[PDB]
């Protein structure tokens, strides 16, 4: 269980994208966790298609929200997910334009993190790879974040509303933290990433609804 890991360094994370006015955070987190596991099983890093999931996960609400665990199950039961090149993101709802030949990755299921167990998520990021998580992104202080180890005592520990991708953890200026990839472009945060308070009583509900895919 290392003290510090940054899966960007290790070639596991695709470039930050911008979801725009579509509410498709859940699909960027899914594709992000699956990108990491495809890299771990293979040697190649390949950006997979959130649009694939936006259009096709019927048990989700397209641009109006969804879950990662059900996204994973779609790609499992669907037996594949297309690549972003095959199925580029357009940020608006449409019919399932899935094409089974442009298939770039598969899924054998998912496992969920124990709710409220930051010590557990620390091991999971280190062992598995980038972990899909859900947070409270509703406060103004989180939307306009740019630097430092985010910590807001009004961040709701009990309810979440926005999906991101945990890509590491560590410590900066003596404050332990999670490293997150958001889907708000590189203009947001620190080149699209942030550092959130860690081991501080589940700040913003990071482990309230976390999962990762099996491959």
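Positions refer to the first chain, counted from 1.
Enquirer: Please work out which of 200-208 and 11-19 has the higher mean CA B-factor as recorded in the PDB entry.
Expert: Going by the record's values, the stretch with the higher mean is 200-208.
Enquirer: On average, are the C-alpha B-factors higher in 152-160 or in 27-35?
Expert: According to the entry, 152-160 carries the higher average C-alpha B-factor.
Enquirer: Please say which third, lowest, middle or highest, residue 87 falls into when its CA temperature factor is compared across its chain.
Expert: Bottom third by C-alpha B-factor.
Enquirer: What third of the chain, by the recorded C-alpha B-factor, contains residue 143?
Expert: Tercile = highest for this residue's CA B-factor.
Enquirer: Check where residue 56 lands among this chain's C-alpha B-factors and tell me if it's the lowest, middle or highest third.
Expert: Answer is middle: the recorded C-alpha B-factor places it there.
Enquirer: State the tercile, meaning the lowest, middle or highest third, of residue 187 with respect to the CA B-factors recorded for its chain.
Expert: Within its chain, residue 187 is a middle-third residue by C-alpha B-factor, going by the deposited values.
Enquirer: What third of its chain, lowest, middle or highest, does the C-alpha temperature factor of residue 42 fall into?
Expert: For residue 42, the deposited C-alpha B-factor lands in the lowest third.
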